[PDB]
């Protein structure tokens, strides 16, 4: 299974991997001043990183199924989409584009939020295309989608 990372960037199990260079997650990077939940209408800005915003500190954008969005998070997170927890699906009606995530397969995916509330990824590179929905969350932990 795909490893989780602590807020110092240390792998909590398994072996560490690096993120895709074209991911919106840029490491290394601090986080974890507070766990800050936000609404999808309220997703943080580039502008918000050093200041924070009215809702609190901002280390970027985290997401897990629900959907639940966060602008900072302190506990274990994925740095790559745990694709063993995703299943092939037809493209959905997208409500929001939220970033460019590394897959546990090492590829780059665009990540979207669907109108049905599902989190969906679709291969970013030309060729070898896939469409997948985040269906299981056995460690109930978010992906760190973007760093500010």
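Basically, rigid core = biggest C-alpha set you can superpose within 1.5 Å across the two forms. Positions refer to the first chain, counted from 1.
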Stretch 46 to 54 versus stretch 33 to 41: after rigid core alignment, which one is farther off in C-alpha RMS in 6 other deposited structures of this protein?
46 to 54
Per the PDB record, is the mean Cα temperature factor higher over 11 to 19 or over 120 to 128?
120 to 128
Which wins on mean Cα temperature factor, 61 to 69 or 88 to 96?
88 to 96
Highest recorded C-alpha temperature factor, please, choosing from 110, 79, 54, 31.
54
Using only the C-alpha B-factors in the record, can you name which of 83, 43, 27, 101 has the highest?
43
